[PDB]
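Okay, so here's just one chain, in structure tokens, the form deposited in one PDB entry.
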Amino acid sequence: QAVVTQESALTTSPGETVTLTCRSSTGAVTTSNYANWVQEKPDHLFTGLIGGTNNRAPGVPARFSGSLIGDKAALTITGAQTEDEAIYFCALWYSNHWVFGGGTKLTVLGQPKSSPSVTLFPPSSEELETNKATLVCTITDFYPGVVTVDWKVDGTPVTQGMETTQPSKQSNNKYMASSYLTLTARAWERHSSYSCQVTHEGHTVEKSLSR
């Protein structure tokens, strides 16, 4: 019954000093919340880093340290390394429940940023025959691996029927993701233009389909 907030994503470069924060919705984070820091690396790999606000888990590099900065818990990576690129969650204790934040995707640039390559394919012909039409929006080669996909059917944000894959690491260390917009053989015919909009590290690419 408390809500833990963390920054969504942050980007740094090897050698830098970065600070992730953890806010509680009910007040200051104190040493009674026993703030915990956990790291999720690709392949569903969890490691605990900090426990009790500031105790560094054993075998955790000394570049990781925990503390309280004002009313929040904070994790500072002093001299970030490329291996530090992962998702960091914080957890706070509330007398008898643990509440985990939403995670902070940390990117530690081990290569230049890269703009996505967006592709939109309309419903195939043999599909409308199922009286179903799926619009596919393909997004690859982007880095940092965090994008925002927005569909636009006839000019109005589409806030339903859209499913987006979580970015997966390609072999080049860039990411790919795919968004599907599922309609009815019907809905398809009723509308005019479809748009897949991808926002990536401040720039937007819009792939438009003109039925």
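Each form is matched to the other, and the largest set of C-alpha atoms that superpose within 1.5 Å is called the rigid core. From 1 onward, residues are counted along the sequence shown.
From this point on, the text means the form deposited in another entry, which you will not see here.
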Core-aligned C-alpha movement of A86 between this form and the one not shown, 2 Å or more: no
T12 C-alpha moves between this form and the one not shown by 2 Å or more, core aligned: no
After fitting the core, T21 CA displacement of 2 Å or more between this form and the one not shown: no
